[PDB]
Each structure stands twice: as C-alpha cells, then as structure tokens.
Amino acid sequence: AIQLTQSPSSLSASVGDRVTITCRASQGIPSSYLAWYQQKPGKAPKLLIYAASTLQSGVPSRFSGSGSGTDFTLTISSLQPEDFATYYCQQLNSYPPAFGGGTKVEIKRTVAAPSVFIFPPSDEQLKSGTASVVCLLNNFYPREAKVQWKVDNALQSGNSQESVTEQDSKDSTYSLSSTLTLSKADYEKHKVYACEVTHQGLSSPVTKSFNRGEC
C-alpha cells in the first residue's frame, strides 16, 4: 500500500506569511490522486484541494497545491487569522486510502519561559489510598517542553500523564499540567518529590520540589 508522511509536524507562522506544507508518498502516484483537508478543533474536516492542484469551490485563492510522484505541496500565499488550523493530505481512488498524520499551523510569538509550580497530594486524597502529584507549566512559548519527574532523585517513568491547552487567544502561550500517580504506600516510602522542566526560554532546567510531610 501507500504511506503518506506530512512535514512539518507543526509550524509557527504570523499573519501575512507565505506558508508551505509538504506531503510525501512512499511509492509514487498520479497527481490526480491526492487531496488536502483543513480541520479545526471540534469540527469536521473541510475539503481544500483535490487532484493536487484543483481549488475546491468556495476556498480562498490564497490556497494552492502542487506536486506529482512522491512529493506534494500545499501553499498559503498570505496567512490569515482564520487559516490557523490542522491540515491533512489524503490518497484518492483507493480503498483503504492513506491519510497523512497532519500538520498544525500555529501562531508565532516571542519566547516566554514557563512559570513552574508543584502541588503535593491533598490530605483528603491520601485518606483514600492514592497520591496525585501535579506539576504546572504556565504561559510559555514555544510548545516544546520536557517535564521530568524525580522521586528521591530516581527518574520516574511510566507513571505520569500530561495535557496541554490550546494556544491562548490573548497571548498565544501554552500551559501544561503533568500528574504523577502513586499509591499511598508508595508515596509514604520517599521524601523528595521533584518536577524538572526544560524549555527554550530557560537558561538551564528549572526544578520545583517539596519534601513530603514538611509544610
């Protein structure tokens, strides 16, 4: 079958920029077998371009496509605020069709370091036998960040989950919360709980920590 690889995974742009998105097929196909779609959060995909260059009716002319063989392109000549969205390419005239993994077009702004906070489990939660430790990264840009949980200096793997907000409508930053989950028996067996954050706006990684049982 065919695999479609999209590039880049995400890209940051400002209004008025010329933006180009690439779709790469694994084997080589007619140009008339590729389509481009736009999707916004909570919305159905919308057709933009089919047969690699035909502009679907009603789509602004600043959208265009090109390519044949293995390398296909979607271009937006002057980015508008409503263009900020995710883009998918699709192979046509085939069942099952391949879809690319998507390209998210995102809003550029100045680098801002996260403010970092750590929260111990509440006494109320501990009564029921589980301990949740939360690390918060607030109002940062760009999106890439690394959160490293550390328990008595042991790097923690496979017991944490994280979630990120969408870009803030006013300052275009992100925020991230990470949750480390232990049983109460586990939690009481260690002292130093630490959240270590790496981000482009920090000169060196920043650690926020607490010692269990000490206000």
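For every residue, the number given is its place in the sequence shown, counted from 1.
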Check your understanding: When you compare the CA B-factors of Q39, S178, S157, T165 as listed in the entry, which one comes out on top?
Key -> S157
Study note, to complete from the structure: Per the deposited entry, the peak Cα B-factor within the set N138, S78, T103, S132 goes to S78
Check your understanding: Among the modelled residues of its chain, does the C-alpha B-factor of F72 lie in the lowest, middle or highest third?
Key -> middle
Exercise for review: Using the B-factor values recorded in the entry, state whether the Cα atom of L34 falls in the lowest, middle or highest third among the modelled residues of its chain.
Suggested key: middle
Review point. How does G58 rank on Cα B-factor within its chain, lowest, middle or highest third?
Key: highest
Practice item. Pull the Cα B-factor of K46 out of the PDB entry and bin it into the chain's lowest, middle or highest third. Key: lowest
Review point. In terms of the chain's CA B-factor thirds, is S209 lowest, middle or highest?
Key: lowest
